[PDB]
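**Q**
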Amino acid sequence: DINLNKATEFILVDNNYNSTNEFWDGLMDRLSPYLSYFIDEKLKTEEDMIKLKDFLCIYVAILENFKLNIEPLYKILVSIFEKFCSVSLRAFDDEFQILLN
Amino acid sequence: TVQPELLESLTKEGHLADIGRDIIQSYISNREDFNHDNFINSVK
Amino acid sequence: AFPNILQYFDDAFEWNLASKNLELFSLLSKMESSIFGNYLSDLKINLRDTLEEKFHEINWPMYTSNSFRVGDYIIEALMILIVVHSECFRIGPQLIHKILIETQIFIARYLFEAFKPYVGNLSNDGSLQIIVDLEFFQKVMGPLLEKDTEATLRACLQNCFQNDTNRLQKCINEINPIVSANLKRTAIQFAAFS
Amino acid sequence: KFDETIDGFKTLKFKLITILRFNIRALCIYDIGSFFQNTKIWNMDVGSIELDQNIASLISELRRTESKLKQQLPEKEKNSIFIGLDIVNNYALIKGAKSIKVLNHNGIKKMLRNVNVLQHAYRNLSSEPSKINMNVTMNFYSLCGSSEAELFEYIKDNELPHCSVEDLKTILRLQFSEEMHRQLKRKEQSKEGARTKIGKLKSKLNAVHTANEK
Amino acid sequence: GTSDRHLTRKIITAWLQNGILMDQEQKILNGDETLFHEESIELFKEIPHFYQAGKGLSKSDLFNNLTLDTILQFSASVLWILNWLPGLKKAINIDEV
Amino acid sequence: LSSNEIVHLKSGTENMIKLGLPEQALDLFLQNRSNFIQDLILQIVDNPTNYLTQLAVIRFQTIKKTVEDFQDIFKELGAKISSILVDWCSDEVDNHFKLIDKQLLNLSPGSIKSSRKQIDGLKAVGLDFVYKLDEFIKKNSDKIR
Amino acid sequence: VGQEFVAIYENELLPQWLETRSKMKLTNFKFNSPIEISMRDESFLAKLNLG
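Residue numbers (PDB author numbering), protein chains in the order written: chain A, 406 to 506; chain B, 824 to 867; chain C, 778 to 971; chain D, 824 to 1009, 1038 to 1065; chain E, 679 to 775; chain F, 604 to 647, 650 to 711, 715 to 753; chain G, 254 to 304.
1) Only counting the same chain, and skipping five residues up and downstream in sequence, which positions put a Cβ closer than 7 Å to that of residue 985 (chain D)?
2) Within 10 angstroms of the Cβ of residue 293 (chain G), are there 16 or more other Cβ atoms? Answer buried if so, exposed if not.
3) Buried or exposed for residue 865 (chain B), please, with buried defined as at least 16 other CB atoms from any protein chain shown within 10 angstroms of its CB.
4) Here's a check: name, in chain order, each residue in its chain whose Cβ is nearer than 6 Å to the Cβ of residue 624 (chain F), leaving out the five neighbours to either side.
5) Starting from residue 284 (chain G), find everything on chain F with Cβ-Cβ shorter than 8 Å and list it in chain order.
6) Kindly give me the distance between the Cβ atoms of residue 698 (chain F) and residue 737 (chain F), rounded to whole angstroms, as I take these residues to be in contact under 8 Å.
7) Secondary structure at residue 866 (chain D), three-state DSSP: helix, strand or coil?
8) Residue 444 (chain A): which of A:497, A:494, A:485, A:499 sits nearest, CA to CA?
9) What is the C-beta distance between residue 659 (chain F) and residue 281 (chain G), in whole angstroms, given that I count them as a contact (C-beta under 8 Å)?
10) Distance check for residue 612 (chain F) and residue 622 (chain F), CA to CA, integer angstroms please.
11) Taking beta-carbon pairs under 8 Å, can you tell me which members of the region 888-907 of chain D lie near chain F?
12) Taking only beta-carbon positions, decide if residue 1046 (chain D) is within less than 8 Å of chain F.
13) Strictly below 8 Å CB to CB, what residues from chain G border residue 670 (chain F)?
14) Tell me whether the region 857-872 of chain D and the region 928-936 of chain D touch, counting them as touching only if at least three CB pairs, one residue from each stretch, are closer than 8 Å.
15) Is residue 467 (chain A) near residue 263 (chain G), with beta carbons less than 8 Å apart?
16) Kindly confirm or deny that the region 924-931 of chain C and the region 852-868 of chain C touch, where touching means at least three C-beta pairs closer than 8 Å.
17) Determine which residues of the region 933-950 of chain D have a Cβ less than 9 Å from any Cβ of chain F, and write them out in chain order.
18) Look at the Cβ atom of residue 731 (chain E), then the Cβ atom of residue 919 (chain D), and state whether they are nearer than 8 Å.
19) Any chance you could list the alpha helix (DSSP H) runs of at least 4 consecutive residues sitting entirely within the region 873-948 of chain C, in chain order?
20) Enumerated in chain order, which unbroken segments of the alpha helix (DSSP H) with a length of 4 residues or greater are wholly contained in the region 686-769 of chain E?
21) Should residue 749 (chain F) be flagged as near chain C, meaning a C-beta pair shorter than 8 Å?
22) Is DSSP giving residue 281 (chain G) helix, strand or coil here?
23) Taking a contact to mean a Cβ-Cβ separation below 8 Å, would you say residue 831 (chain C) touches residue 883 (chain C) in this structure?
24) With a CB to CB cut of under 8 Å and the five nearest residues on each side skipped, what residues in its chain are close to residue 679 (chain E)?
25) Which of the three DSSP states is assigned to residue 927 (chain D) in this structure?
26) Keeping to the same chain, check which residues put their C-beta closer than 7 Å to that of residue 424 (chain A); ignore five residues upstream and five downstream.
27) The alpha helix (DSSP H) spanning residue 431 (chain A) covers which residue range?
28) For a cutoff of 8 Å on Cβ pairs, would you count residue 883 (chain D) as touching chain F?
29) Let's see if you can read the secondary structure: which residues bound the alpha helix (DSSP H) around residue 967 (chain D)?
30) Select from D:939, D:996, D:903, D:971 the residue whose C-alpha is nearest the C-alpha of residue 952 (chain D).
31) Would you grab the beta carbon distance between residue 828 (chain C) and residue 888 (chain C) for me? Rounded to a whole angstrom, and I think it's under 8 Å.
32) Can you tell me which of the three DSSP states residue 789 (chain C) falls into?
33) Closest by CA to residue 300 (chain G), which one among F:664, F:753, F:614, F:655?
34) Which class does residue 837 (chain C) belong to by DSSP, given the choice of helix, strand or coil?
35) Can you check which of these residues, C:848, C:942, C:805, C:778, is closest to residue 907 (chain C) by C-alpha distance?
36) Closer than 8 Å, CB to CB, is residue 727 (chain E) near chain B or not?
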C-alpha cells in the first residue's frame, strides 16, 4: 500500500521512490536479520526453518511481482539454505553414528 | 579525526560532507599532518 | 459529384447534364477499374502461390490418416483470405470485402479445380484413402459463400475418377462427421468468414 | 543556430558515446568472471562440463539491456553502438582473456563451449552481419587449444588477425607449453619440447610474418 | 558527476582522446565498418591495461560501473535529445528567418 | 496500457466498448497482451529445449487465455473483431518461429514436440498453425536431428 | 492483516496451483511459466484488498 500510486505527488522519481524504500529497509534490517539468522542459526533449527524459507521465499517471490528484490532475497535465503546444509549435515551420519555403534 | 581505523565512513556521514568531497578522508588536511600515510586514496 | 452536379444546376440552368460530362465519371469508372483490379491482382498473385502448397506433396502418394482437416491447401489460402478481409472490413465495410470475397471464391475454386485433373485417376499416388481427404478439404470451402461457387465446388467433387459413383456421394455424406470435427477445431479462426 | 544545433549534435555524440562505453565496459567488466574463474584447470579437470556463471550473467543482462534499449530509443543507433562495441570488445576480450593460467585440454572444450555460447549471444543481438569474432576468437582460442607447432606455423600464415601475436603466439606457446609445463611433476617439465619451443620460439614463433622476432 | 570525489569513473576515464576522438570518428557514421580493433582494443584496453584483464585482475565487474538507475536516466535523456534534434534542429529556415 | 492485472483491463476494456470505440479498444488490448508476453519473455536461453518449451508455453497459453478473454468481452461482437484477433494470433505465431530461428545459430526435436503439442493446445480452442511449423521444418531441416 | 491476506492468497492458493499443475511438465517450476499459467481466478488480489 505504498505503490498504489496515481503517480506522482513527489514526483521523484517518476515511479521510482519505493524502490529506495524497500531498498533501504532491505539494507539496514539486512545485517540485523543476518545475525538473527546466524546467531540464531542455532535458533533457526532444522525444524520450521523449512517453514521460515517457506514463509520467506513466497514473500521473496510475490513481491511487486518483483521490484529490485535481490540481495536480501538471493543472499539471505541462500545463507538459509547454507544453514539447512550444515544443520542437516551434522544431523546426517554423524547423527547416525549409532549405526557406527 | 581520520586516523588509520576511523577515516572512511565516519567521514562519509550525513553532515560529515562538511568535510571535503575528496578531502573527506583528508578532513585533517586542515591540520599540520594531513591524514597519516596516503590521504588521497578516495577520489580515484 | 452527382449531387455536386445537381446542386451545380442551381442558378445554372445549363441543362444539368449531358452525362458525356460524366465521361469523367466513366474515367472514374476506369479509375475504379484500375483500383480494385490492382489489389485483386496481387492477392490473386499471392493466391497463385497457393499452388506451391497443394501441388507439392499434397494429393501425392497420400495415406492422409484422417487428419480433420490437414488441408494446408485450403488452410493458408483461407488464412490470407481472412487476412485481407480482416484488415479492411472496418472502413471499407461491404466494399470488395464482399465483392472480392466472391471473386476470391471464384479464383480459389478454379485454380483449385484444375489440380484434380492430373490425379484424375482417383487414388494418386496413394489417395485411395486421401480420396476422402480431398473430399474433406473440398468440403472445407462451405463456410459462408454463394451457390454457383458451390456449384463449381460440387463440379470439382465429380472431377476425379471416383468422383463418379454415388458411393462417393453418400460415402462423403457419411464422412461428414470428421468435417464437423474440423468445424470445431478449427472453428474460431475462419469463423470470421461467416 | 548552427552553434546551437552544433552543440546539440555534440551532446548526441557524447550521449550515444556514453551508452556504447557503458555496454562495452559492461562486457569487459563481465569478462572478469574469468578473474578468477577459480583455477581454469591444468591439462584437464575432467569432467569439465559448464559454464562459468558470470558469463551467463553477461548473456543475461546483455539480453535484457538490449531489450530495454530496443524499447526506449530508436533502432539505428542501437544497432550501431551495440554492433561495433559488442563485436570488437568480444574479440579483444578474448585477446586479453588469453592471459590466464596453465591450460586444460578438457577446459579447452569448456572455455571453447562458453566462447561459442557468447558467440551465440552477441549473435543473438545480431548475427546476419559479420559475426566473425565467433570465427576469429573461436579458431584463435581453439588455436590456443591447438598445441601443434606445425599448426602454429600453418595458422597465422593463413588467418588470424591476431595483432597481439607477441602475447598470442607466446600464449599458444604457453598452451602447448601449458600442457608441457605440468605434463609431469617434480618437473613439470624438462622444457625439451620447450627447447623445441625455444627453437620454435625462434622458428615457429620468430618467423613472425617477415618481422621475424617473436 | 566529475568532480571525481570520490569515484574512479572508468567510463569517464574512458572519455579521453584520441580514443574519445577516434571514438567520435567511431561515432562519425558511427564508424562505417572500420570498427578498428586498433582503436577499440587500444583505447578500450588502454586504461584497461591496468590489470589488464588480468590475470588475476585489479579491475571491473562492479568496480564503478554506472548503476541501472543512471542507465535509465542516460537512456531517457538520450531519447530526449533524439526527439529534440529533429523537431528543434529543423527550423533553421535560411538564414535568419 | 499499464496494468498487468485483469480487472481494470477487463473493466476499462468493456468501458471502452461502452463508449463504442471497440476496434481501437481491441487493438490496444492486443497490444497490452503483446507487451505482456514480450516482457514475460524477459525471465530466463539457459539451455535450449527447456528454453523453447518455456517460450511456447508463455506465448500460446496466453493467446488461448486471450481468446477466452475475447469471446468473454466481445459478446456478440461478430466476425470482424474476431478477424482482428486472427491477425494478432498469426502475428505472434510468426514471432514465435522468428524467436526459434533467432537461435538456430550454432537442436533436438523434443523442442518441436513441446511446440506442436502446445499448438494443438490452440486447437483446443480451434486454430491450426501446425502447417507453418511444417514449412518451418521443411525449410529448416538442418539441426532438427 | 493485509500481509496475511497476501501470503494467504499466494501461499494458500497459488503454490497449491503451481504444484497442483506441472503435473504436465516437471521442473521448470515456481517461476516465469507458473507466473504465466497462474493467472487463474483468484488472481483478483491487488485491486482493493489492501488498498
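Even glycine gets a Cβ: it sits at the ideal position worked out from N, Cα and C.
**A** Checking against the coordinates, here is how it stands:
1) Against the fourth sequence, residue 985 (chain D) aligns to sequence position 162. Excluding residues up to 5 positions away in sequence, 963, 979, 991 lie with their Cβ nearer than 7 Å to the Cβ of residue 985 (chain D) in the same chain.
2) As a working note, residue 293 (chain G) is residue 40 in the seventh sequence. When all chains shown are included, residue 293 (chain G) counts as exposed.
3) Along the second sequence, read from residue 1 onward, the residue named residue 865 (chain B) stands at position 42. Burial call: buried.
4) Counting from one through the sixth sequence, the residue named residue 624 (chain F) turns up at place 21. Closer than 6 Å at the Cβ level, and outside the excluded window around residue 624 (chain F), lies no residue.
5) The residue given as residue 284 (chain G) occupies position 31 in the seventh sequence. Within 8 Å Cβ-Cβ: 646.
6) In the sixth sequence, residue 698 (chain F) corresponds to position 93, counting from 1. In the sixth sequence, residue 737 (chain F) corresponds to position 129, counting from 1. Rounded to the nearest angstrom, the Cβ distance from residue 698 (chain F) to residue 737 (chain F) is 5 Å, consistent with a contact under 8 Å.
7) Stepping through the fourth sequence from its first residue, residue 866 (chain D) is reached at position 43. DSSP places residue 866 (chain D) in strand when its eight states are reduced to three.
8) To locate residue 444 (chain A), count along the first sequence from 1; it is residue 39. Of the candidates A:497, A:494, A:485, A:499, the one whose C-alpha sits nearest the C-alpha of residue 444 (chain A) is A:485.
9) To locate residue 659 (chain F), count along the sixth sequence from 1; it is residue 54. To locate residue 281 (chain G), count along the seventh sequence from 1; it is residue 28. At roughly 7 Å, the Cβ-Cβ gap stays under 8 Å, so residue 659 (chain F) and residue 281 (chain G) are in contact.
10) Here residue 622 (chain F) refers to the residue found at position 19 when the sixth sequence is read from its first residue. Here residue 612 (chain F) refers to the residue found at position 9 when the sixth sequence is read from its first residue. Taking the straight line from one Cα to the other gives about 15 Å.
11) Listed in sequence order: 890.
12) Along the fourth sequence, read from residue 1 onward, the residue named residue 1046 (chain D) stands at position 195. Look at residue 1046 (chain D): its C-beta is not under 8 Å from any C-beta on chain F.
13) The residue you call residue 670 (chain F) lines up with position 65 of the sixth sequence. Per Cβ cutoff of 8 Å: 292.
14) Remark: three or more beta-carbon pairs, one from each stretch, lie closer than 8 Å, so the region 857-872 of chain D and the region 928-936 of chain D are flagged as touching.
15) Here residue 467 (chain A) refers to the residue found at position 62 of the first sequence. Here residue 263 (chain G) refers to the residue found at position 10 of the seventh sequence. For residue 467 (chain A) and residue 263 (chain G), yes; Cβs fall inside 8 Å.
16) No, they do not touch.
17) The residues in question are 939, 940, 942, 943, 944, 946, 947, 950.
18) In the fifth sequence, counting from the first residue as 1, residue 731 (chain E) sits at position 53. In the fourth sequence, counting from the first residue as 1, residue 919 (chain D) sits at position 96. A contact, by the Cβ cut-off of 8 Å.
19) Segments of the alpha helix (DSSP H) lying fully in the region 873-948 of chain C: 873-890, 907-917, 925-934.
20) List check, alpha helix (DSSP H) in window: 688-691, 697-703, 715-722, 746-767.
21) Numbered from its first residue, the sixth sequence carries residue 749 (chain F) at position 141. Under the 8 Å criterion on CB atoms, residue 749 (chain F) is classed as non-interfacial with respect to chain C.
22) Position 28 of the seventh sequence, counted from the first residue, corresponds to residue 281 (chain G). Looking at residue 281 (chain G) - three-state DSSP - the assignment turns out to be coil, as it is neither helix nor strand.
23) Locating residue 831 (chain C) in the third sequence gives position 54, where the first residue counts as 1. Locating residue 883 (chain C) in the third sequence gives position 106, where the first residue counts as 1. Between residue 831 (chain C) and residue 883 (chain C), the gap from beta carbon to beta carbon reaches 8 Å or more.
24) Working through the fifth sequence from its first residue, we reach residue 679 (chain E) at position 1. Cβ contact annotation for residue 679 (chain E) (same chain, cutoff 8 Å, sequence separation greater than five): 685, 687, in chain order.
25) If you number the fourth sequence from 1, residue 927 (chain D) lands on position 104. In this structure, DSSP gives residue 927 (chain D) an extended state, which the three-state scheme calls strand.
26) Sequence index remark: in the first sequence, residue 424 (chain A) carries index 19 (1-based). Excluding residues up to 5 positions away in sequence, 472, 473 lie with their Cβ nearer than 7 Å to the Cβ of residue 424 (chain A) in the same chain.
27) Looking up residue 431 (chain A) in the first sequence gives position 26. Residue 431 (chain A) -> alpha helix (DSSP H) spans 423-441.
28) On the fourth sequence, residue 883 (chain D) is found 60 positions in, with the first residue counted as 1. It does: the Cβ of residue 883 (chain D) has a partner Cβ on chain F nearer than 8 Å.
29) Counting from one through the fourth sequence, the residue named residue 967 (chain D) turns up at place 144. In the DSSP assignment, residue 967 (chain D) falls within the unbroken alpha helix (DSSP H) covering 956-968.
30) Locating residue 952 (chain D) in the fourth sequence gives position 129, where the first residue counts as 1. Of the candidates D:939, D:996, D:903, D:971, the one whose C-alpha sits nearest the C-alpha of residue 952 (chain D) is D:903.
31) Within the third sequence, numbered from 1, the residue matching residue 828 (chain C) stands at position 51. Within the third sequence, numbered from 1, the residue matching residue 888 (chain C) stands at position 111. Here residue 828 (chain C) really is in contact with residue 888 (chain C); their C-beta atoms are around 7 Å apart, less than 8 Å.
32) Numbered from its first residue, the third sequence carries residue 789 (chain C) at position 12. Correct three-state label for residue 789 (chain C): coil.
33) For the purposes of this step, residue 300 (chain G) is identified with residue 47 of the seventh sequence, where counting begins at 1. Out of F:664, F:753, F:614, F:655, F:614 has the C-alpha closest to the C-alpha of residue 300 (chain G).
34) Reading the third sequence from its first residue, position 60 is the one you call residue 837 (chain C). Coil, per DSSP.
35) Indexing the third sequence from 1 puts residue 907 (chain C) at position 130. Closest by alpha carbon: C:848.
36) Taking the fifth sequence and counting its residues from 1, one reaches residue 727 (chain E) at position 49. In terms of beta-carbon proximity, residue 727 (chain E) stays away from the interface with chain B, with every pair separated by 8 Å or more.
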